[PDB]
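Peer 1: I'm passing along entry_19.csv; it holds CSV, C-alpha atoms (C1' of nucleotides) and all ligand atoms.
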```
chain,number,residue,atom,x,y,z
Y,1,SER,CA,-59.0,15.2,92.5
Y,2,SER,CA,-60.6,18.0,94.5
Y,3,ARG,CA,-63.0,19.5,92.0
Y,4,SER,CA,-63.8,16.5,89.8
Y,5,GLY,CA,-64.4,13.4,91.9
Y,6,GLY,CA,-64.0,14.7,95.4
Y,7,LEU,CA,-67.5,16.3,95.6
Y,8,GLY,CA,-70.6,14.2,95.1
Y,9,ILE,CA,-69.7,10.5,95.1
Y,10,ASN,CA,-70.7,7.7,97.4
Y,11,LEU,CA,-67.5,5.8,98.1
Y,12,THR,CA,-67.6,3.8,101.3
Y,13,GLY,CA,-64.6,1.6,100.5
Y,14,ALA,CA,-61.6,3.4,101.9
Y,15,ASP,CA,-61.0,3.7,105.7
Y,16,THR,CA,-58.3,6.4,105.3
Y,17,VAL,CA,-58.2,9.9,103.8
Y,18,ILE,CA,-54.9,11.6,102.8
Y,19,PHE,CA,-54.5,15.3,102.0
Y,20,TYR,CA,-51.3,16.4,100.2
Y,21,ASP,CA,-52.3,20.1,100.1
Y,22,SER,CA,-55.3,22.1,101.2
Y,23,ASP,CA,-56.1,25.6,100.1
Y,24,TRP,CA,-59.6,26.2,101.5
Y,25,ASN,CA,-60.7,24.1,104.5
Y,26,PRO,CA,-63.6,25.8,106.1
Y,27,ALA,CA,-65.8,23.7,103.9
Y,28,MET,CA,-64.4,22.6,100.5
Y,29,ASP,CA,-61.8,20.3,102.0
Y,30,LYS,CA,-64.2,19.0,104.6
Y,31,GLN,CA,-66.3,17.6,101.7
Y,32,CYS,CA,-63.3,15.5,100.6
Y,33,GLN,CA,-63.0,13.4,103.7
Y,34,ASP,CA,-66.8,13.3,103.9
Y,35,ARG,CA,-66.7,11.5,100.6
Y,36,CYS,CA,-65.1,8.7,102.5
Y,37,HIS,CA,-67.2,8.6,105.7
Y,38,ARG,CA,-70.7,7.6,104.7
Y,39,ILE,CA,-73.7,5.6,105.8
Y,40,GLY,CA,-72.1,2.3,104.7
Y,41,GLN,CA,-68.9,2.5,106.8
Y,42,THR,CA,-68.8,0.4,109.9
Y,43,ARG,CA,-65.1,1.3,110.6
Y,44,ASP,CA,-63.6,4.4,112.1
Y,45,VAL,CA,-62.2,6.9,109.7
Y,46,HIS,CA,-58.5,7.9,110.2
Y,47,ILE,CA,-57.9,11.2,108.4
Y,48,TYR,CA,-54.3,12.3,108.0
Y,49,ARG,CA,-52.8,15.6,106.7
B,1,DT,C1',-3.1,30.9,-44.5
B,2,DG,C1',-2.7,31.2,-39.0
B,3,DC,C1',-1.2,34.7,-35.7
B,4,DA,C1',0.1,38.5,-32.5
B,5,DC,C1',-0.5,43.6,-31.9
B,6,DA,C1',-1.8,48.6,-31.7
B,7,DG,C1',-5.5,51.1,-30.8
B,8,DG,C1',-10.6,52.2,-30.4
B,9,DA,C1',-15.2,51.1,-27.8
B,10,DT,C1',-17.2,50.3,-24.1
B,11,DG,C1',-17.4,49.7,-17.7
B,12,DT,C1',-16.2,50.6,-13.3
B,13,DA,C1',-14.7,51.4,-9.1
B,14,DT,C1',-12.7,55.9,-7.7
B,15,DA,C1',-12.7,60.7,-6.2
B,16,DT,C1',-15.2,65.3,-6.2
B,17,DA,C1',-19.0,68.8,-5.8
B,18,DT,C1',-23.8,68.7,-4.1
B,19,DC,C1',-28.4,68.0,-1.5
B,20,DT,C1',-31.4,67.1,3.6
B,21,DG,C1',-31.3,66.9,8.6
B,22,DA,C1',-30.1,67.7,12.7
B,23,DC,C1',-27.1,69.9,16.3
B,24,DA,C1',-25.6,74.5,17.9
B,25,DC,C1',-26.0,79.6,19.1
B,26,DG,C1',-28.4,84.5,19.6
B,27,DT,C1',-33.0,86.8,21.0
B,28,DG,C1',-37.2,89.2,24.0
B,29,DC,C1',-42.6,88.9,26.4
B,30,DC,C1',-45.0,85.9,29.2
B,31,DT,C1',-43.3,83.4,32.7
B,32,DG,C1',-40.8,83.2,37.5
B,33,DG,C1',-38.4,85.7,42.0
B,34,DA,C1',-39.0,88.3,45.4
B,35,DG,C1',-41.0,92.1,49.1
B,36,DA,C1',-44.9,93.3,52.4
B,37,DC,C1',-50.0,92.6,54.9
B,38,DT,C1',-53.3,89.8,56.7
B,39,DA,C1',-55.1,85.5,59.8
B,40,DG,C1',-57.0,81.5,60.2
B,41,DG,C1',-55.2,77.0,60.0
B,42,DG,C1',-51.6,74.2,62.2
B,43,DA,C1',-48.6,72.9,66.5
B,44,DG,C1',-49.2,72.2,71.6
B,45,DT,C1',-51.4,71.1,76.0
B,46,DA,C1',-55.2,69.6,79.9
B,47,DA,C1',-58.1,66.2,81.5
B,48,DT,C1',-60.7,62.0,80.2
B,49,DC,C1',-62.8,57.6,79.9
B,50,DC,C1',-63.1,53.8,78.1
B,51,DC,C1',-62.6,49.5,76.3
B,52,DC,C1',-58.7,46.8,76.6
B,53,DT,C1',-55.5,43.7,79.3
B,54,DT,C1',-52.4,40.6,83.3
B,55,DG,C1',-51.3,35.4,84.8
B,56,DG,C1',-52.7,30.8,85.5
B,57,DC,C1',-54.7,26.9,87.6
B,58,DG,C1',-59.0,23.0,86.8
B,59,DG,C1',-63.1,20.7,83.7
B,60,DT,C1',-65.2,19.8,79.5
B,61,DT,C1',-66.4,20.0,74.8
B,62,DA,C1',-65.9,20.6,69.6
B,63,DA,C1',-62.6,20.9,66.5
B,64,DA,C1',-58.1,19.4,64.9
B,65,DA,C1',-55.0,15.3,63.9
B,66,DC,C1',-53.7,10.5,62.5
B,67,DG,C1',-54.5,5.9,60.3
B,68,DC,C1',-55.8,2.4,57.0
B,69,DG,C1',-58.7,0.4,52.4
B,70,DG,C1',-59.0,0.7,47.8
B,71,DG,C1',-61.5,2.7,43.9
B,72,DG,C1',-61.4,5.2,40.6
B,73,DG,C1',-59.0,8.6,38.1
B,74,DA,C1',-54.4,10.5,36.8
B,75,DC,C1',-51.1,9.0,33.8
B,76,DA,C1',-47.6,6.4,30.6
B,77,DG,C1',-47.5,3.8,25.8
B,78,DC,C1',-48.9,3.6,21.2
B,79,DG,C1',-51.2,3.6,16.5
B,80,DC,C1',-54.0,6.6,13.2
B,81,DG,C1',-55.0,10.4,9.5
B,82,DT,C1',-56.2,14.6,8.4
B,83,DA,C1',-54.8,19.3,9.3
B,84,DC,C1',-51.9,22.5,9.0
B,85,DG,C1',-46.3,23.3,7.6
B,86,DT,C1',-43.7,24.0,3.6
B,87,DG,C1',-42.9,25.2,-1.2
B,88,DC,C1',-44.2,27.2,-6.0
B,89,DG,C1',-46.8,30.7,-9.6
B,90,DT,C1',-50.3,34.0,-10.2
B,91,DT,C1',-53.1,38.7,-8.8
B,92,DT,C1',-55.1,43.1,-6.3
B,93,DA,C1',-54.0,46.4,-4.2
B,94,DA,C1',-51.3,49.3,-0.7
B,95,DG,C1',-46.9,52.8,-0.9
B,96,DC,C1',-45.8,56.4,-2.6
B,97,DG,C1',-44.9,60.8,-5.8
B,98,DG,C1',-47.8,64.4,-6.7
B,99,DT,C1',-52.6,67.9,-6.7
B,100,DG,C1',-56.7,71.0,-6.0
B,101,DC,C1',-59.8,72.3,-2.3
B,102,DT,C1',-62.0,73.4,2.0
B,103,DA,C1',-64.4,73.2,6.2
B,104,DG,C1',-63.4,72.6,10.4
B,105,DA,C1',-59.5,73.6,13.9
B,106,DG,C1',-57.6,77.5,16.4
B,107,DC,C1',-56.4,82.4,18.7
B,108,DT,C1',-59.1,86.8,20.2
B,109,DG,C1',-62.8,91.1,21.9
B,110,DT,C1',-68.1,91.6,24.8
B,111,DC,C1',-71.0,91.4,28.2
B,112,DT,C1',-73.9,89.1,30.7
B,113,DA,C1',-75.9,85.7,33.0
B,114,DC,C1',-74.4,84.0,36.9
B,115,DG,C1',-72.1,81.8,40.2
B,116,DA,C1',-68.4,83.2,44.1
B,117,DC,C1',-68.7,85.5,49.0
B,118,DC,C1',-71.4,86.8,53.2
B,119,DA,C1',-75.6,87.9,57.4
B,120,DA,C1',-80.4,85.5,59.4
B,121,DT,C1',-83.7,81.7,60.3
B,122,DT,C1',-84.8,77.0,61.2
B,123,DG,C1',-86.3,72.5,60.4
B,124,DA,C1',-84.9,68.5,58.7
B,125,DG,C1',-81.6,65.6,60.1
B,126,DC,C1',-78.6,63.5,63.9
B,127,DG,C1',-77.7,61.6,69.1
B,128,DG,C1',-80.7,58.8,72.7
B,129,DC,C1',-84.2,55.4,73.9
B,130,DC,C1',-87.1,51.4,74.4
B,131,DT,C1',-90.0,48.5,72.9
B,132,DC,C1',-92.3,43.7,70.0
B,133,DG,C1',-92.8,41.2,65.7
B,134,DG,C1',-89.9,39.3,62.7
B,135,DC,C1',-86.1,36.1,63.2
B,136,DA,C1',-83.0,31.8,65.1
B,137,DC,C1',-83.1,27.0,65.9
B,138,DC,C1',-85.1,22.7,66.0
B,139,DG,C1',-88.8,18.7,66.3
B,140,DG,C1',-92.5,15.9,63.2
B,141,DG,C1',-93.2,14.0,59.3
B,142,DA,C1',-93.4,13.2,54.5
B,143,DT,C1',-90.4,12.9,50.5
B,144,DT,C1',-86.7,11.9,47.7
B,145,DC,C1',-82.3,10.0,46.9
B,146,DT,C1',-78.6,7.2,46.6
B,147,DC,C1',-76.2,2.1,47.9
B,148,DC,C1',-76.2,-2.6,47.6
B,149,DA,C1',-77.8,-7.6,46.4
B,150,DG,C1',-79.8,-10.9,43.1
B,151,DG,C1',-81.2,-12.9,38.4
B,152,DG,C1',-82.7,-12.8,34.5
B,153,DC,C1',-80.1,-12.1,31.3
B,154,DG,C1',-76.3,-12.1,28.3
K,1,MG,MG,-75.5,14.8,96.6
```
Rewrite the structure of this file - the entire thing - as C-alpha cells.
Ligand SMILES: [Mg+2]
Peer 2:
Amino acid sequence: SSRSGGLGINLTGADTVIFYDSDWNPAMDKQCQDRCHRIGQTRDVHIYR
DNA sequence: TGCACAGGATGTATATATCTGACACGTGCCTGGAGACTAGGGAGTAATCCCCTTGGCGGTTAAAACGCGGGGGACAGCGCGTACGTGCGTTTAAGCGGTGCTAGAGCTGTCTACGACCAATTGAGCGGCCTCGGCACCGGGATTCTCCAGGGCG
C-alpha cells in the first residue's frame, strides 16, 4: 500500500514497479518506485503506469 | 267407661298509625360582574458570534465479541417434628345510653409597631487574568496473599 509499506522499506527483490492509481506524484509516488530501486539491485528497473 | 265437641286461653303474622333522616324549596349580605385610568411588562425585530458540523478515505490501538472446561452452586427429592391452625369454655372490658361541667376554641374593636414603597451612595461582589504548588501517573521495592503439591495422617 502507499502509506503503509510503500515508504521506508529496503526491498531489492522486484525488478518492476506497477502503479494502478497515483494522486500525488511530485514526491509521494516517487518514493514508491524508489522502494524498489536500491543499492542491492544490479538490474535495470522498468516502471510502468 | 272411652270419646268427640263447643268454647275459652293463649300466639302470630297482618295491617295501621307513628317516629328520624334526608331531599327539596324560599331567602338576603358578602361575594362576583362589570366600567374606566394608568403603564410597565410582554410581543417583535436587528445584528451577532460562536461553538457546532459536513463527508470519507487510510493506520493503529483498546475495547468489544466468541469459544471451550468444569467447578461449584442452583436445584429437585424426601423425611422429620414442633409450631402454628382449628376447635371448645371462660373473662375483662369496650359500646353504648345517659350526665354535670368547663376551659379552651372561636368571632370582633384598637392602635401601634412596623414593615411596604421610594431617592442617594458605594463597596462588596462579579467578569478577567495569569501564574505555581498541589495533583496525575508510574517506577522500585517490600509486603501480603492466594494456589497448588505432597505426606503424614487418617
Ligand atoms: Mg529511512
Peer 1: Name the closest residue to chain Y among the candidates B:10, B:58, B:31, B:48; distances are taken between atoms, counting only C-alpha atoms (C1' of nucleotides).
Peer 2: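 Closest residue, counting only C-alpha atoms (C1' of nucleotides): B:58.
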Peer 1: Would you list the contacts of residue 40 (chain Y) as a ChimeraX atom specification, taking every protein, DNA or RNA residue within 10 Å and counting all atoms listed in the file, but skipping same-chain residues closer than 2 positions in sequence?
Peer 2: /Y:10-13,36-38,42-43
Peer 1: Please identify all residues of chain Y having at least one atom at most 10 Å from any atom of chain B, considering all atoms listed in the file, and return them as a list in words.
Peer 2: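 Every residue meeting the condition is included here: residues 1, 2, 3 and 4 of chain Y.
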Peer 1: Okay, now the selection with C-alpha atoms, as a PDB file, keeping the file's coordinate frame?
Peer 2:
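Dumped everything to out_13.pdb:
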```
ATOM      1  CA  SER Y   1     -59.000  15.200  92.500  1.00  0.00           C
ATOM      2  CA  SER Y   2     -60.600  18.000  94.500  1.00  0.00           C
ATOM      3  CA  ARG Y   3     -63.000  19.500  92.000  1.00  0.00           C
ATOM      4  CA  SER Y   4     -63.800  16.500  89.800  1.00  0.00           C
TER       5      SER Y   4
END
```
Peer 1: Residues contacting ligand MG 1 (chain K) - anything with an atom at most 12 Å away, using only C-alpha atoms (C1' of nucleotides) and all ligand atoms - can you give me those as a list in words?
Peer 2: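 Written in the requested form, the residues are residues 6, 7, 8, 9, 10, 31, 34, 35 and 38 of chain Y.
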Peer 1: Could the residues in this selection be written to a file with C-alpha atoms, as a compact mmCIF listing (two decimals), keeping the file's coordinate frame?
Peer 2:
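Output below, filename selection39.txt:
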```
# COMPACT_ATOMS: atom_id res chain seq x y z
CA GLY Y 6 -64.00 14.70 95.40
CA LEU Y 7 -67.50 16.30 95.60
CA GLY Y 8 -70.60 14.20 95.10
CA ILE Y 9 -69.70 10.50 95.10
CA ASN Y 10 -70.70 7.70 97.40
CA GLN Y 31 -66.30 17.60 101.70
CA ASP Y 34 -66.80 13.30 103.90
CA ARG Y 35 -66.70 11.50 100.60
CA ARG Y 38 -70.70 7.60 104.70
```
Peer 1: Need to verify the contact set: residue 44 (chain Y), 10 Å, only C-alpha atoms (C1' of nucleotides), exclusion of same-chain residues closer than 3 positions in sequence. Can you return it as a VMD selection string?
Peer 2: chain Y and resid 15 to 16 37 41 47
Peer 1: Quick one: distance from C1' of residue 67 (chain B) to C1' of residue 146 (chain B) in Å, one decimal?
Peer 2: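 These two atoms are separated by 27.8 Å.
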Peer 1: Quote the spacing between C1' of residue 61 (chain B) and CA of residue 32 (chain Y) in Å to one decimal place.
Peer 2: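 Between these atoms lies a distance of 26.4 Å.
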Peer 1: Which value, in Å to one decimal, gives the distance between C1' of residue 29 (chain B) and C1' of residue 106 (chain B)?
Peer 2: 21.3 Å
Peer 1: Just want the 8 Å neighbourhood of region 18-22 of chain Y, counted on all atoms listed in the file, with same-chain residues fewer than 5 positions away dropped. Output as a ChimeraX atom specification.
Peer 2: /Y:29,47-49
Peer 1: Enclose region 25-33 of chain Y, meaning all of its atoms listed in the file, in a box aligned along x, y and z, pad it by 3 Å on each side, and list the centre and edge lengths in Å to one decimal, as lines of an AutoDock Vina configuration file.
Peer 2:
```
center_x = -63.5
center_y = 19.6
center_z = 103.3
size_x = 11.6
size_y = 18.4
size_z = 11.6
```
Peer 1: Rebuild N, CA and C atoms on region 21-44 of chain Y, as an mmCIF file, in the frame of the given file?
Peer 2:
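Okay, rebuild_6.cif is ready:
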```cif
data_model
loop_
_atom_site.group_PDB
_atom_site.id
_atom_site.type_symbol
_atom_site.label_atom_id
_atom_site.label_comp_id
_atom_site.auth_asym_id
_atom_site.auth_seq_id
_atom_site.Cartn_x
_atom_site.Cartn_y
_atom_site.Cartn_z
ATOM 1 N N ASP Y 21 -52.242 18.653 99.906
ATOM 2 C CA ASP Y 21 -52.300 20.100 100.100
ATOM 3 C C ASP Y 21 -53.752 20.539 100.145
ATOM 4 N N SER Y 22 -54.005 21.541 100.985
ATOM 5 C CA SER Y 22 -55.300 22.100 101.200
ATOM 6 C C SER Y 22 -55.300 23.584 101.138
ATOM 7 N N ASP Y 23 -56.008 24.161 100.168
ATOM 8 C CA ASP Y 23 -56.100 25.600 100.100
ATOM 9 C C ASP Y 23 -57.203 26.143 100.981
ATOM 10 N N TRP Y 24 -58.455 25.841 100.644
ATOM 11 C CA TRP Y 24 -59.600 26.200 101.500
ATOM 12 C C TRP Y 24 -60.060 24.995 102.265
ATOM 13 N N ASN Y 25 -60.017 25.095 103.595
ATOM 14 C CA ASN Y 25 -60.700 24.100 104.500
ATOM 15 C C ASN Y 25 -61.492 24.768 105.581
ATOM 16 N N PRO Y 26 -62.397 25.721 105.271
ATOM 17 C CA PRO Y 26 -63.600 25.800 106.100
ATOM 18 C C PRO Y 26 -64.612 24.744 105.738
ATOM 19 N N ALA Y 27 -64.790 24.541 104.431
ATOM 20 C CA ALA Y 27 -65.800 23.700 103.900
ATOM 21 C C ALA Y 27 -65.262 22.752 102.792
ATOM 22 N N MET Y 28 -64.754 23.364 101.715
ATOM 23 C CA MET Y 28 -64.400 22.600 100.500
ATOM 24 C C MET Y 28 -63.559 21.414 100.741
ATOM 25 N N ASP Y 29 -62.610 21.510 101.673
ATOM 26 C CA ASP Y 29 -61.800 20.300 102.000
ATOM 27 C C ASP Y 29 -62.525 19.368 102.893
ATOM 28 N N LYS Y 30 -63.444 19.866 103.724
ATOM 29 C CA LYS Y 30 -64.200 19.000 104.600
ATOM 30 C C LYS Y 30 -65.080 18.022 103.732
ATOM 31 N N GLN Y 31 -65.495 18.446 102.535
ATOM 32 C CA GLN Y 31 -66.300 17.600 101.700
ATOM 33 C C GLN Y 31 -65.435 16.377 101.194
ATOM 34 N N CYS Y 32 -64.116 16.552 101.086
ATOM 35 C CA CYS Y 32 -63.300 15.500 100.600
ATOM 36 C C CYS Y 32 -63.257 14.278 101.486
ATOM 37 N N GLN Y 33 -62.963 14.480 102.773
ATOM 38 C CA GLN Y 33 -63.000 13.400 103.700
ATOM 39 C C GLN Y 33 -64.419 12.885 103.973
ATOM 40 N N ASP Y 34 -65.418 13.746 103.764
ATOM 41 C CA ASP Y 34 -66.800 13.300 103.900
ATOM 42 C C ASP Y 34 -67.247 12.462 102.715
ATOM 43 N N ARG Y 35 -66.504 12.486 101.605
ATOM 44 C CA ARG Y 35 -66.700 11.500 100.600
ATOM 45 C C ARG Y 35 -66.420 10.094 101.052
ATOM 46 N N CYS Y 36 -65.442 9.964 101.948
ATOM 47 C CA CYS Y 36 -65.100 8.700 102.500
ATOM 48 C C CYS Y 36 -66.136 8.236 103.556
ATOM 49 N N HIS Y 37 -66.200 8.959 104.674
ATOM 50 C CA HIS Y 37 -67.200 8.600 105.700
ATOM 51 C C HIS Y 37 -68.581 8.773 105.181
ATOM 52 N N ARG Y 38 -69.350 7.693 105.287
ATOM 53 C CA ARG Y 38 -70.700 7.600 104.700
ATOM 54 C C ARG Y 38 -71.559 6.751 105.584
ATOM 55 N N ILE Y 39 -72.745 6.411 105.078
ATOM 56 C CA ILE Y 39 -73.700 5.600 105.800
ATOM 57 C C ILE Y 39 -73.219 4.129 105.864
ATOM 58 N N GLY Y 40 -72.496 3.689 104.835
ATOM 59 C CA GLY Y 40 -72.100 2.300 104.700
ATOM 60 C C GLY Y 40 -70.769 1.929 105.261
ATOM 61 N N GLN Y 41 -70.236 2.750 106.162
ATOM 62 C CA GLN Y 41 -68.900 2.500 106.800
ATOM 63 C C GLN Y 41 -69.126 2.112 108.230
ATOM 64 N N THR Y 42 -68.709 0.895 108.569
ATOM 65 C CA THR Y 42 -68.800 0.400 109.900
ATOM 66 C C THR Y 42 -67.430 0.575 110.673
ATOM 67 N N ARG Y 43 -66.408 1.113 110.012
ATOM 68 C CA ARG Y 43 -65.100 1.300 110.600
ATOM 69 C C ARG Y 43 -64.784 2.765 110.797
ATOM 70 N N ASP Y 44 -64.015 3.058 111.843
ATOM 71 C CA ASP Y 44 -63.600 4.400 112.100
ATOM 72 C C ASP Y 44 -62.723 4.982 111.048
#
```
